[PDB]
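Student: When you get a sec, could you give me coordinates for this:
(chains A, B, C, D, E and F)
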Amino acid sequence: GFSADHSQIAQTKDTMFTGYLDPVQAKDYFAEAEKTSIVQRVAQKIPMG
Amino acid sequence: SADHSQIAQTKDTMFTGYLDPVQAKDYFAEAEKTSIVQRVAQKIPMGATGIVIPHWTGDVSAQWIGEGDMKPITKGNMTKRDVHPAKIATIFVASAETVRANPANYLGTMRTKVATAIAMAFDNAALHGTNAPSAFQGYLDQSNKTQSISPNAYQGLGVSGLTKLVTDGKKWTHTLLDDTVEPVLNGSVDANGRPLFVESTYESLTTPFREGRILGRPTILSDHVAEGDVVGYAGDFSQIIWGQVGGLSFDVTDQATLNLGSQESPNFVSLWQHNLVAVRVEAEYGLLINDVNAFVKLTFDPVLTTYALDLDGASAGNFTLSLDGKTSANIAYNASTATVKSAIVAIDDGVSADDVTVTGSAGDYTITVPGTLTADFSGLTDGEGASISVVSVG
Amino acid sequence: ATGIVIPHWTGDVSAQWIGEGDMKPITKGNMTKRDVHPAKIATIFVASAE
Amino acid sequence: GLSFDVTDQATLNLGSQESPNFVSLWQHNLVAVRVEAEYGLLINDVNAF
Amino acid sequence: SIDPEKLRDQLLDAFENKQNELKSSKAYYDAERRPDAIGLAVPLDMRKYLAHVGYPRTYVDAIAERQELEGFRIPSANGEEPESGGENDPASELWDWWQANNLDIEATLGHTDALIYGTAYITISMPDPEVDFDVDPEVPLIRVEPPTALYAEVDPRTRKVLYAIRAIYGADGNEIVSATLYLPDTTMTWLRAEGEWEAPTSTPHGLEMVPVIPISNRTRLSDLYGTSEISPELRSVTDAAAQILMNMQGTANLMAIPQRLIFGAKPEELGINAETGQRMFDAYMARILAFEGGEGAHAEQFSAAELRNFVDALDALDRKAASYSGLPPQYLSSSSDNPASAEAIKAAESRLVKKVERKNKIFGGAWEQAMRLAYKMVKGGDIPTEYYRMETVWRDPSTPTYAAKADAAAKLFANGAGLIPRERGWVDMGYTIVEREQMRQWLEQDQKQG
Amino acid sequence: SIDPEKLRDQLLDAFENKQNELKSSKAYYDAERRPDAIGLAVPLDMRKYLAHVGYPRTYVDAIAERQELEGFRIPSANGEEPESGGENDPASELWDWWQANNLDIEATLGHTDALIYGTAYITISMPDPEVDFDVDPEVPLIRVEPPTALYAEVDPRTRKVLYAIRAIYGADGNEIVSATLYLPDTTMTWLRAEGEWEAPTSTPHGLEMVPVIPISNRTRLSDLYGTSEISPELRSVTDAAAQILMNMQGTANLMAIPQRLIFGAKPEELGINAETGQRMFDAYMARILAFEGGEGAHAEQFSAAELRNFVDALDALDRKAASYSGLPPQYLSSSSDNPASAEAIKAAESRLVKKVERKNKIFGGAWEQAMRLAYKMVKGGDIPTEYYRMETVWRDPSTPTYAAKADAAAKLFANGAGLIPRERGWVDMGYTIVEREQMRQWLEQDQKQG
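Tutor: Numbering: from 1, shown residues only, chains lettered A, B, ... in the order given. I have put the structure below:
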């Protein structure tokens, strides 16, 4: 290929373009769900004061 | 032009002349291959800059308290990882008269064959990691877990394999098999010698090979997922994301100049000077596997696993090693090579000095063992880059 | 009666991953052809005109 | 007028005549813009200033 | 019974198998490179300069460019009069579907493929508004398909179609983007067909017959699958003429100039330099070469080749291209002198006209059939018996001469006292089955004035 | 969904790639340099003297000059109301837009490009009020765009456009100065040049489908995309004739004159100047030259080359150019014939007329589709279903035999007693729709006057 700051050819890796070409934010495609209580499901909910 | 030159297409030995007896089909043409990964992983919208995936990581917390007992403070915390594309590309070149005649539709044939070669490169770069680019993060074969299936596939996939997958808190969602798996699903009999997976007169195809389910999980079939001892996979295929910045471009010229040699020993040919025509082909792909330990590799019986241990040049303290969650003593960062083998067979399990092997030196050991191996660097004073990894076929 | 000829593909067409501005590789296809010819089976039987 | 050609077809040297380091624009992925103009000038009498 | 996945396999083999039978006949109409056309005298480096010949295109166009459907003539069950009911008559029902499908454009293309490849297929269907069928949705959607995109199995006992596949290649690679199977009972379509990993869409139809009909160029009763109109004799003279042109094209470069020679030269005295092998003469016209000569030195020429020898052989092939095709000889320029009269026009056109009337009879037999299926599909029920007797009606293939027929038809009709009724005079002047309705309205309006 | 920035970056590569097809055809119609046209026999220093051949331009112009649209016919729901030809009717409503766009000028150009390159694109929009124009702001602004400036992706299954791009180079062809992408439900344009694009202007348009209609030149249904009229036979005869012309030309500079030699004369006795290799002498009439006969010296000469040995081969290729193109032979070979009579014109013109009449069908099938789409754009709502039966009406391509037509039409009409109504008499004389509407008012004034 070519050097990172090659003197003849401009390239996207060149220091000159830093802060342009920033990678786009996205959804967390690996987000796991909020784990809900099991105890509140199995056990009988009494009124309490 | 040089006739039958290795780069250029031209009227040479490859063509009969298009006489009437030439059959309209190669009656023995096998149907063209296609990507597996592009039909099982999440396709994510992606651009040339690449993308950032954020993730949560806080120990957000709350405590029981007494009457009037003043309340505690807590934290969220957040992190990110970036993902980038890589190009795959090629050129093919033909005499202008070959482009004119298009013998046997060679130009159309090439334009499909390159597209298939690119699709197959994307599969193998993701499955087996063979010649994978720097930008891809992880490949399936890099997993730390293996299960053999060959004597009885049900006990293999549904029971033994599932045990070592759920014990890490990972989960089973799909299974992906090579067509060479057919004769180990066929048979897989009960003790009375009836097969599992097929109905009481054996006329039907075998249930998973219908693309049917196994214990609720779908089965994906392939003619090319196998390599080495590996014949398939099972895991959480939601952990794979992939992207493609643009479709296969095709770009065409008589006017340009190529090099037929390597870069440092070039042989420049002007396409116009020799009246050749060239076609450029390229596409950009991206891939990420969230972690490679979410998959169990499937094999026939006697499989054995090789790991490479890398302390990043760390200089005081201890690591320790584990098989199947059983844990050895502390081992010095510079311990003499037979010490590692001694510390492994000192596990409370049936591993022994005839099965286990090791090679290398201080902080560069290669370990071979009949199971799931993991390492802990908590005893090491400057282990700030310390790591372990799974070795390929060769 | 002239027979037939059947082509078959044989080329290992391929591509490489490249960095920005790297030299692209070059590749070529391949084929072969095979020929088939027929043959005759025959017999005679003979009878008196009566 | 001031002329701009845009091309990726040609070959460039990336060094001097005795060390040319030739590169194909097309086999690599370099796009080159070539700029040319032509001028002529005459001063009839340089002592007149 | 039969298996629809197995037919999806089996038909695509038969369709692919068919393509090489068409491939040769295409090359003659496209005028592509053919080995037999190559002029054997031409040197191998010049053999790149091919010399294509236009007879097959000229002949197939000079038929297909000269037939147009005017309409249909379904007879009434009682009181037969096609002038009587207009938009209420069944002959107009059929014609509306001909206009609305643009068949007056697509038929004149489909007939060219039916002549080049010997067959092409009419296909009948109902339009689906879940798809971009921008047409009147109460009209049966009728298409014509070339044999480069459709194959139909024919029962040789009955000429009925048994089943058929239509296949669509993509832009590239001959990848089969989509395939459609037509059965006696149903139609099925697979929407990404390069190994058919898509699931079948399906649509039943009421017809007891497959909704596809072969137009086919029958040369003979024995000719049961139809045959290319570009006959072996017309191919043979096309290739034979190509060799003469290519041999002449070489001759005009290599041999048309007499080669000059001098014998008894001493190259050193002529000043022929050894390393270049050449002396630089001056070619200005008036100058005389004085050569030092002697020892029997003398000058002489090889002759030119006389290109008349080839040109006087091309003219015989211009005549046999006329003889074997039946074109008017001036269409090939095999002679240039025009037919001067409305009679000499008919004499020259005679063979071509009777050949087009013959094609119109046979291609009429496809549309006279297909309109029954279109009717039986869209109107449902069963065919009203009269439709089995319908004629197609075609424009006269003759070159239109007006001023000759005008003085004839005027003298026949004799201001209403004459030998024939008005509406026959309109047929003989050649006004079309629809234009005669436009007139039959204007006639009533003029009769309110005088 | 799919990204429009992806699509404009993709479709620009397809549009730019496509030009390598078109440059080959352009080279014939423009008569630019081809390597195959160069005659081999001329010396290398003479190869700069090109000599081009006009057959491709003459064949394309001989069609494109004759295609003229008179108007549109739409059935009026004539099963209830045949009355038509006046204010508010649909034939005028569409003919209004045709004139208001001057498509009677630009369609002649559009048809020319459709014959040269094989396709051209009709393009439809409402006018921008934001831009000062020469336009009626109520009329749908309909334009024709050439294949050197527009590319449209077509579905081979349905024959329908998926999307298209119209892209314009600067004064230098070296960069794009703007591009417009058309999608089935919206349009967008990036207005600044290719090196500096800004955010696009965009609009919806409520249509089901892309507002680009392809005019395409076709010979077969098997032509899934259109093809040039400059077919490879006519290319071959064009390039073949170019070589004969060039070899003839070189022969006339080098060989058409005898070459004069003397053998045996000693240069020093002739008085040849040794410094320059020649002696000049006064060459006027009847001056007898005399020589001392050393070595038995004598004259001899090489003959001229006879230029007729090329010219009576050019007079073969002119007959092939006539035969393959189907022009009247009189357009090629001067005094091969000249027609004396009305029927002699109808003979000579027959192939050309009938070919133009067929191209009027295939292009009519684009315009009838474009006007129906433009109606759906400007009126909104949906098509009144009779518009699916719309017909384009075109001039007769014949040279007008007006004296013969006038004498015939009178004998047909017979002062109102005759065989035809007045209105068909006017149609047989060939008066256009608008010119017949003028006459329908002048006739009323004349009948009012008496």
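
Student: where along the stretch 251-400 of chain E do the helices fall?
Tutor: E:267-270, E:308-325, E:342-378 (DSSP state H, counting those that start in this stretch).

Student: list the contacts for residue B:250?
Tutor: Each residue near residue B:250 by CB atoms under 8 Å, 6 or more residues apart in numbering or on different chains is listed here: B:111, B:279-281, F:17. C-beta: built from backbone N, CA, C; applies to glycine.

Student: cutoff 6 Å now
Tutor: Residues counted as contacts of residue B:250 (CB atoms under 6 Å, 6 or more residues apart in numbering or on different chains) are residue B:281.

Student: again, but for residue E:270
Tutor: Taking CB under 6 Å, 6+ apart as the contact definition, residue E:270 lies against residue E:279.

Student: switch to 8 Å and redo it
Tutor: With contact taken as CB under 8 Å, 6+ apart, residue E:270 is in contact with E:279, E:291.

Student: Leaving out the residues flanking it, which one is nearest to the residue of the stretch 251-394 of chain B found nearest chain F?
Tutor: Scanning the stretch 251-394 of chain B for the residue nearest chain F gives residue B:252, at 5.9 Å (criterion: CB to the nearest CB). Among residues not flanking residue B:252 along the chain, residue B:279 sits closest, at 5.3 Å (CB to CB, 6 or more residues apart in numbering or on different chains).

Student: Residue B:290 now?
Tutor: Taking CB to CB, 6+ apart, and ignoring the residues beside it in sequence, residue B:290 has residue B:239 as its nearest neighbour in space, at 4.3 Å.

Student: what's around the one you found, how many residues?
Tutor: 22 (other CB atoms under 10 Å in any protein chain shown).

Student: any idea how far the residue in the stretch 251-400 of chain E that chain C sits nearest to is from chain D?
Tutor: Checking the stretch 251-400 of chain E residue by residue against chain C with CB to the nearest CB singles out residue E:324 as nearest, at 26.5 Å. Using CB to the nearest CB, to the nearest Å, residue E:324 is found at 50 Å from chain D.

Student: tell me the contacts of residue B:40?
Tutor: The neighbourhood of residue B:40, defined by CB under 8 Å, 6+ apart, consists of B:174, B:176, B:220, B:237, B:240.

Student: Out of the residues you listed, give me the two with the largest separation.
Tutor: Pairwise distances across the contacts of residue B:40 peak at 12.5 Å for B:220 and B:240 (criterion: CB to CB).

Student: neighbour count winner among these two?
Tutor: Between residue B:220 and residue B:240, counted using other CB under 10 Å, residue B:240 has the larger neighbour count: 22 against 18.

Student: just to revisit the earlier point, could you pull up the residues touching the residue of the stretch 251-400 of chain E closest to chain C?
Tutor: Contact analysis of residue E:324 by CB under 8 Å, 6+ apart lists E:231, E:233-234, E:237.

Student: What residues does chain A have near chain C?
Tutor: Contact residues of chain A with respect to chain C, defined by CB under 8 Å from any CB of the partner chain, are listed as A:1-2, A:9, A:11-13.

Student: PyMOL command for the buried members of the residues you listed?
Tutor: Restricted to the buried members of the residues of chain A next to chain C, where burial is judged by 16 or more other CB atoms under 10 Å in any protein chain shown, the PyMOL selection command reads as follows:
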select buried, chain A and resi 2+9+11+13
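
Student: Residue B:25 versus the residue lying closest to residue B:104 once chain neighbours are set aside, what's the distance?
Tutor: With sequence-adjacent residues excluded and distances taken as CB to CB, 6+ apart, residue B:104 is closest to residue C:7, at 6.4 Å. In this view, residue C:7 and residue B:25 are 9 Å apart by CB to CB, to the nearest Å.

Student: what residue lies at the spatial centre of chain A?
Tutor: residue A:28 (5.2 Å; CA atoms, centre = their mean).

Student: Confirm that it sits in a helix.
Tutor: No - membership of residue A:28 in a helix is not supported by DSSP: H, G, I helix; E, B strand; the rest coil, which gives coil.

Student: What distance do you get for it to chain F?
Tutor: 22 Å.

Student: for that residue, what are its contacts?
Tutor: For residue A:28, the set of contacting residues under the criterion of CB under 8 Å, 6+ apart consists of B:53-56.

Student: ok, back up a step: go ahead and confirm the residue nearest to residue B:290 touches residue B:42.
Tutor: No - Residue B:239 is beyond contact range of residue B:42, at 9.2 Å (criterion: CB atoms under 8 Å).

Student: Need phi/psi at residue E:133.
Tutor: Geometry field for residue E:133 lists phi and psi as phi -70, psi 80, criterion degrees, to the nearest 10.

Student: Hmm, residue E:139 and it touching each other?
Tutor: No - in terms of CB under 8 Å, residue E:133 does not count as a neighbour of residue E:139; the distance is 10.1 Å.

Student: got any residues that touch both of the two?
Tutor: Contact with both residue E:133 and residue E:139 is made by residues residue E:127, according to CB under 8 Å, 6+ apart.

Student: So if I had to pick from those two, which one is more boxed in?
Tutor: Legend: neighbour count by other CB under 10 Å for residue E:133 and residue E:139, higher for residue E:139 (19 against 15).

Student: Surely the more buried one forms part of a strand?
Tutor: No - membership of residue E:139 in a strand is not supported by three-state DSSP, which gives coil.
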